[PDB]
Amino acid sequence: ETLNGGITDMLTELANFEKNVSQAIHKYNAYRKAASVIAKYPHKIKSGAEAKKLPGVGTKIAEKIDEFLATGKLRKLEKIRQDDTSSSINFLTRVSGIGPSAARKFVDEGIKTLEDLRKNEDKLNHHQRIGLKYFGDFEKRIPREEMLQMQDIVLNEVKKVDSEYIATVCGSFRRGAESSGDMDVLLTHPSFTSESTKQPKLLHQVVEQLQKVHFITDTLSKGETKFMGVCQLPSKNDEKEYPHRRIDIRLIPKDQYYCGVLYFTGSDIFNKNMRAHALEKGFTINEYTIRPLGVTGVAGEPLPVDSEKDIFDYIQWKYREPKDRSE
DNA sequence: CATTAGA
DNA sequence: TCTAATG
Ligand code: NA
Ligand code: NA
């Protein structure tokens, strides 16, 4: 957790590198497992040889561990950190819609920067166009004070469209959090479940409501169940307009909502931890359901849930406020 | 780990 | 269809 901190960071760094810049999944997975195991190891690694004793730790990684052990740095690390091309990629990549593949392709063409990008909008597809367009707004956190303003907006349309809708803003937002990355709205309707073969307008009506009042201003990806776009609070009585925010609205089979909402609500640790518990308490949990665990090894059969409670009761735990779903 | 775009 | 990208 700190006793191995550098070896781990160098490692993640290293790793990250083969992945983006080069296309070396292997080496790249190589670093992460290594990174994974040393992170655990209960002692201060004093040498490559010692490290080497671990699993996932080959000769190649030990070597690097020495140099970093000996001199507060690593050459290769130094070299990459420097190198413009590689730097360009980790950079382009910050654009929503840009990832390793397009990043290298752009660079190999010469677009290394934000400007370049603009000069070449035509070489960019609508997602990226927008990523570019709101590049600034996209990196800016979401003040909770703002979230509450938003949510207040969405719940209101949802309801006005159909009283039957059920929406829940998930995430850290939900877990009390001060700021937030982007808004996650979990959506559902009675008339829609595991079987009841869709109702695409079900999603589409809201998306359309939301736009009709200008909360959504853009569409990244709209499909029959997941809609990925952009929204913005009204810029009041001018002098101050609100930055553009990322929003994801998703349709849910009313019969799997709470597993959904339980889940997206995180945290990542609370999950696994709750998840690790159902297992003792003879179960299984995942994004949509909760099935009783059969001794033959496995076993099916989706218990029925009507609230985040059911799930608790089921595995028989303490109802944990989202607030405290921290770990 | 699954959903959408794109070409 | 494959492949990329966000989640
Ligand atoms: Na070994
Ligand atoms: Na990106």
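We number chain A the way Swiss-Prot does; in order, the residues shown are 9-335.
Every residue, even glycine, has its Cβ placed from backbone N, Cα and C.
Under the DSSP three-state reduction, A:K72 (active site, nucleophile) is assigned to helix. Around the Cβ of A:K72 (active site, nucleophile), the number of neighbouring Cβ atoms within 10 Å comes to 22. Marked as active site, nucleophile by Swiss-Prot: A:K72.
The K(+) 1 binding site annotation in Swiss-Prot covers A:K60, A:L62, A:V65. Counting every protein chain shown, the number of other Cβ atoms lying within 10 Å of the Cβ of A:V65 (K(+) 1 binding site) is 20. Taken residue by residue with DSSP, A:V65 (K(+) 1 binding site) is part of neither helix nor strand, so it is coil.
According to Swiss-Prot, the Na(+) 1 binding site annotation covers A:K60, A:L62, A:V65, on the basis of experimental evidence. Secondary structure at A:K60 (K(+) 1 binding site), taken from DSSP and collapsed to helix, strand or coil, is helix.
A:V103 (Na(+) 2 binding site) falls outside any helix or strand according to DSSP and counts as coil. For A:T101, A:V103, A:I106, the entry in Swiss-Prot reads Na(+) 2 binding site, with the evidence type experimental evidence.
Taking Cβ-Cβ distances under 8 Å and a sequence gap of 6 or more within the same chain, the neighbours of A:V103 (Na(+) 2 binding site) are A:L125, A:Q136, A:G139, A:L140, A:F143. As annotated by Swiss-Prot, K(+) 2 binding site applies to A:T101, A:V103, A:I106.
According to its DSSP assignment, A:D190 (dTTP binding site) is coil. For A:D190 (dTTP binding site), the number of other Cβ atoms no farther than 10 Å from its own Cβ, over all displayed protein chains, is 17. Here Swiss-Prot flags A:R149, A:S180, A:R183, A:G189, A:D190 as dTTP binding site.
Secondary structure at A:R183 (dTTP binding site), as computed by DSSP, is coil. Positions annotated as dCTP binding site by Swiss-Prot, on the basis of experimental evidence: A:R149, A:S180, A:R183, A:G189, A:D190.
Among the features that Swiss-Prot reports, dGTP binding site is placed at A:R149, A:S180, A:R183, A:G189, A:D190, A:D192, with the record citing experimental evidence.
Residues or ranges marked as dATP binding site by Swiss-Prot on the basis of experimental evidence: A:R149, A:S180, A:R183, A:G189, A:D190.
Taken from Swiss-Prot, the feature Mg(2+) 1 binding site covers A:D190, A:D192.
Annotation source Swiss-Prot lists Mg(2+) 2 binding site at A:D190, A:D192, A:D256, citing experimental evidence.
When secondary structure is read from DSSP and collapsed to three states, A:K41 (ubiquitin cross-link) falls in the helix class. Positions annotated as ubiquitin cross-link by Swiss-Prot: A:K41 (among others).
Applying an 8 A CB threshold to same-chain residues 6 or more apart, the list for A:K61 (ubiquitin cross-link) is empty. The ubiquitin cross-link feature in Swiss-Prot is assigned to A:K61 (among others); the stated evidence is experimental evidence.
In the three-state DSSP reading, A:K81 (ubiquitin cross-link) counts as coil. Within the same chain, residues at least six positions away from A:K81 (ubiquitin cross-link) with a Cβ under 8 Å of its Cβ are A:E75. Marked as ubiquitin cross-link by Swiss-Prot on the basis of experimental evidence: A:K81 (among others).
Annotated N6-acetyllysine per Swiss-Prot: A:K72, in sequence order.
Other Cβ atoms within 10 Å of the Cβ of A:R83 (omega-N-methylarginine), summed over all protein chains shown, number 11. Under the heading omega-N-methylarginine, Swiss-Prot lists A:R83 (among others).
Here the binding-site residues are A:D192, A:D256; the one with the fewest Cβ atoms within 10 Å of its Cβ is A:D256. A:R183 (dTTP binding site) is surrounded by 18 other CB atoms, counting those within 10 A of its CB over all protein chains shown. Counting neighbouring Cβ atoms within 10 Å of each of the binding-site residues (A:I106, A:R149), the lowest count belongs to A:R149. If you measure from the Cα atom of A:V65 (K(+) 1 binding site) to that of A:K72 (active site, nucleophile), you get 11 Å.
Same-chain residues that are not part of A:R149, A:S180, A:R183, A:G189, A:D190 yet have a Cβ within 8 Å of the Cβ center of the dCTP site turn out to be A:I150, A:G179, A:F181, A:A185, A:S187, A:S188.
All protein chains included, A:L62 (K(+) 1 binding site) registers 18 other Cβ atoms within 10 Å of its own Cβ.
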